[PDB]
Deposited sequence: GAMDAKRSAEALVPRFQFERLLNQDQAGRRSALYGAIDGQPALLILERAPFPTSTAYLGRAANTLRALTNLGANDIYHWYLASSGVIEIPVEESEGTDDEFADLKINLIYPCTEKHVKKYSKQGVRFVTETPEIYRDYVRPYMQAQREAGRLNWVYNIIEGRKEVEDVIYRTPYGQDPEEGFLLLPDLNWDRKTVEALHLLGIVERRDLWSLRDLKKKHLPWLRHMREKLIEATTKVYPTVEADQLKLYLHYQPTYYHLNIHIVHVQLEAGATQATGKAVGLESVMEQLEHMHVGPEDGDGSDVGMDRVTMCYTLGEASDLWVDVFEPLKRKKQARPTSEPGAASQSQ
């Protein structure tokens, strides 16, 4: 393993310059620097704790340093440094690791931008702002071809082996769908289940397109997605799943997240990003039908004001909401 030793030789040559970002409760730091006089990006992460009893049964008894910070009755808190614990013969001479390291070298300005801290803003999207600015932006993104990757999966030309369930392409153009594992799921831990329900029809760009006339479709899709998930993973019951939509979505083709209720909630589930599927259905169900609205078929989410988070490097913040904010402050 010359390439393995070669890659290992890079890390001690890293010359730190500055911290780009620290996140994940402080347990991930993105460092910028240089190796051999060229830009280098080194990402430090605390590793998860081992579950081996060889580790858990020895961690408290092998510390290389331990400092009590305070105590109150039966409560005590400390800082400590891990000692060396060797991995037993039947699980590996290795020791248990406390760090994960990613090194991008040589890195570019694109990597610096990607891993630099990005501020977040909470914006207010009225029906007028959706009509005049956001919906035109969505259209341009789709016309530019940004959904090619989605369409390639829907049509069965990519990630065929990653799909865990689908209706065959073309068999059901209105209510067909496929289930894709989320990139961060190990596909083995059922209680961390996270699937993407990508619908086959192509005319719904986001929940903004949903109207009362889509309530039957929404009911059918909710049942079908839950039915398929609990069929593929039979130890999962219906009341152990949550279905939600993103707004703003990360891409402009309606897709329904399916997560196990036991999955640790992160940004993908947070208020200002995730909207429960049943919550959208109830808003359509009870939305007011005015005298000019006929039977109500076209009453829907494009009448609502939606408030949500955006990153400050996003197109929508830079081109729409920051300028609207500046124009209002003048």
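Missing C-alpha stretches, by deposited numbering?
-> Comparing the full sequence with the modelled residues, the uncovered ranges come out as 1 to 2, 95 to 97, 336 to 348.
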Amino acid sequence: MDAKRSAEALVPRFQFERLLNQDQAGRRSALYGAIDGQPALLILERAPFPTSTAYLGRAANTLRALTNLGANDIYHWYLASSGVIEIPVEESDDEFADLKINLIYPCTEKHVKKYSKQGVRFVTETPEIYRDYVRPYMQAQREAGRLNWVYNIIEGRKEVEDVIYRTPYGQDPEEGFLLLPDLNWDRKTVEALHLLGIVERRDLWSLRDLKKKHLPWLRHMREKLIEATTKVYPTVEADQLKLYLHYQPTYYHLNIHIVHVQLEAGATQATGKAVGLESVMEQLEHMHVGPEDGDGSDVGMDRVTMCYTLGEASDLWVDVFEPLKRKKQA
From here on, numbers count along this sequence of modelled residues.
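What stretch has the higher average Cα B-factor here, 176 to 184 or 238 to 246?
-> According to the entry, 176 to 184 carries the higher average C-alpha B-factor.
Taking the recorded C-alpha temperature factors, which stretch has the higher mean, 52 to 60 or 263 to 271?
-> Going by the record's values, the stretch with the higher mean is 52 to 60.
Pick out which of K158, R166, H220, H253 has the highest C-alpha B-factor in the PDB entry.
-> In the PDB entry, the greatest C-alpha B-factor among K158, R166, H220, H253 is found at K158.
Which of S206, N102, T229, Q139 ranks first by CA B-factor in the deposited coordinates | Within the set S206, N102, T229, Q139, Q139 shows the top C-alpha B-factor.
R27 - Cα temperature factor, lowest/middle/highest third of chain | It belongs to the lowest third of the chain when residues are ordered by C-alpha B-factor.
Would you mind ranking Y115 by its C-alpha B-factor against the rest of the chain and naming the third, lowest, middle or highest?
-> For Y115, the deposited C-alpha B-factor lands in the middle third.
When the modelled residues of the chain are sorted by Cα temperature factor, does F122 land in the lowest, middle or highest third?
-> Within its chain, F122 is a lowest-third residue by C-alpha B-factor, going by the deposited values.
Hey, what third does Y233 fall into on Cα B-factor, ranked over its chain?
-> Middle third of the chain for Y233's C-alpha B-factor.
Record-listed C-alpha B factor of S279: chain third | Tercile = lowest for this residue's CA B-factor.
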